[PDB]
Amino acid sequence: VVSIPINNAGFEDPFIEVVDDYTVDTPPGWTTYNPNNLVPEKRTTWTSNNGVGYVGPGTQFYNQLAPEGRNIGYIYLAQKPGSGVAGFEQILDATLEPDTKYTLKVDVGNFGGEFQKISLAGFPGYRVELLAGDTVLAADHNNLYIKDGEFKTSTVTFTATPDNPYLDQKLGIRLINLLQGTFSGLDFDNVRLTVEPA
């Protein structure tokens, strides 16, 4: 049960001082997964965007602290449900190796409360993907029910056989806002990828 290295796996970079303050730029170590061009290259608050947010004691968004450290990673899409998807992506250095089971865990948060007097009730759905090259090997497409104000752990597993056509391609992770619901924002934290024999 060795760990596979992921950059900024808990969105802890950058440091944020004030509770509930946030950035609006792609977190360092991740890129913006943008297959439908929903997220513009330059962002401000109230644009479709992603970034990190500080979920500290006293937070108005949850009934608990961050799953890990201070920060969560978030994705907010302004477009109406059905316009497409967006999220975060990271290609890893680890490659797909035969006779190995991979375990990917990430916590997913449905923030509640109010932003600028706008209700954050509701949820867009999520998908967590494990990749080799650009093939999605296994994914959790929105299986967990997650109430306003709480986080849950999504798990995705996959076993690579010596037959696998994608052996030796680089592993990837995607964390996606599905935009199938409003309020259309969600949080992610504490990305873990563990590898093991069979």
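Residue indices: 1-based, along the sequence shown.
**residue 117 coordinate gap across at least a third of other entries** = Looking at the other entries that model residues on either side of it, residue 117 is missing from at least a third.
**Item:** Given 105-113 and 90-98, the range whose Cα B-factors average higher in the PDB entry
**Value:** Averaging CA B-factors over each stretch, the winner is 90-98.
**Message:** So, looking at the entry's B-factor column for Cα atoms, which has the higher mean, 135-143 or 54-62?
**Reply:** Taking the mean B-factor of the alpha carbons in each, 54-62 is higher.
**Message:** Where does the C-alpha B-factor of residue 187 rank in its chain, lowest, middle or highest third?
**Reply:** Answer is lowest: the recorded C-alpha B-factor places it there.
**Request:** Would you mind checking where the Cα B-factor of residue 157 ranks among the modelled residues of its chain, as the lowest, middle or highest third?
**Result:** It falls in the top third of the chain.
**Asked** Among the modelled residues of its chain, does the C-alpha B-factor of residue 18 lie in the lowest, middle or highest third?
**Response** Top third by C-alpha B-factor.
**Request:** Using the B-factor values recorded in the entry, state whether the Cα atom of residue 163 falls in the lowest, middle or highest third among the modelled residues of its chain.
**Result:** Within its chain, residue 163 is a highest-third residue by C-alpha B-factor, going by the deposited values.
**Prompt:** Lowest, middle or highest third: where is residue 37 by Cα B-factor in its chain?
**Reply:** It belongs to the middle third of the chain when residues are ordered by C-alpha B-factor.
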